[PDB]
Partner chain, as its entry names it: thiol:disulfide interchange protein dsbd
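Okay, here we've got a single chain as structure tokens, the form solved without its partner chain, with questions on binding and movement later.
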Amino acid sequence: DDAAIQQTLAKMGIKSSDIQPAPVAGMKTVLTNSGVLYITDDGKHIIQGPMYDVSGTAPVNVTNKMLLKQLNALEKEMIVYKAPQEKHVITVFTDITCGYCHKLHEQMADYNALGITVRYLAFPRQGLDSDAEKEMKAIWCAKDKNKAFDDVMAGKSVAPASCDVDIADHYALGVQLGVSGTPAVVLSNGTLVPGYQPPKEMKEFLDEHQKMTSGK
């Protein structure tokens, strides 16, 4: 219905829309900066979601599955801190202006020593036309993103690199995934663990989560 949909967004008050297919006849997936919506082809009906596929034994969140493929599409744009002996990979939506994001970053070595790899996406809590977006756009545009991020977090002045990377895409993904604060940890299954967990508590949580969700 593919034009009528954008007329509906153009009175719902919606900016950075992206229309995706949905597994339900007559409906389509609509990714916004405010979340995932489901709209009928004619643009007349909105359903909040998420959506589940129960053509099998368990309910699979199809919304989370689709956002998991967006996330993996953004791996090139992640600032990754590899654990020397990787036991877990976590994705953190972070903001350079946030205090708990400093506290977490200062303990990166501790995370890594425990075998937790941390992959960063940018999530300015101030939203999109902000100084944090600007700073983080610059960091994510560095030749060495790891160094730029470390330097800026440490208080060092870093001349702003420029590239095509768009922090809006990271931010929208976060919002779509349920993020409402930083730092926010997203698990490999797409699970959001809001807020700060010290390295030790983090290792123990991830170990337990792994046991419980492994699949025997």
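Positions refer to the first chain, counted from 1.
One more form of this protein, solved in complex with its partner chain, exists but is not displayed; see below.
- Scanning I90, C98, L74, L128 against its partner chain in the deposited bound form with a 4.5 Å heavy atom cut-off leaves one residue, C98.
- Listed residues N64, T182, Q176, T29 were compared with its partner chain in the deposited bound form; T182 is the one with a heavy atom within 4.5 Å.
- Residue heavy atoms within 4.5 Å of its partner chain in the deposited bound form occur in exactly one stretch of 101-109, 114-122, 140-148, 74-82, and that stretch is 101-109.
- Its partner chain in the deposited bound form is not approached by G13, whose heavy atoms all lie more than 4.5 angstroms from it.
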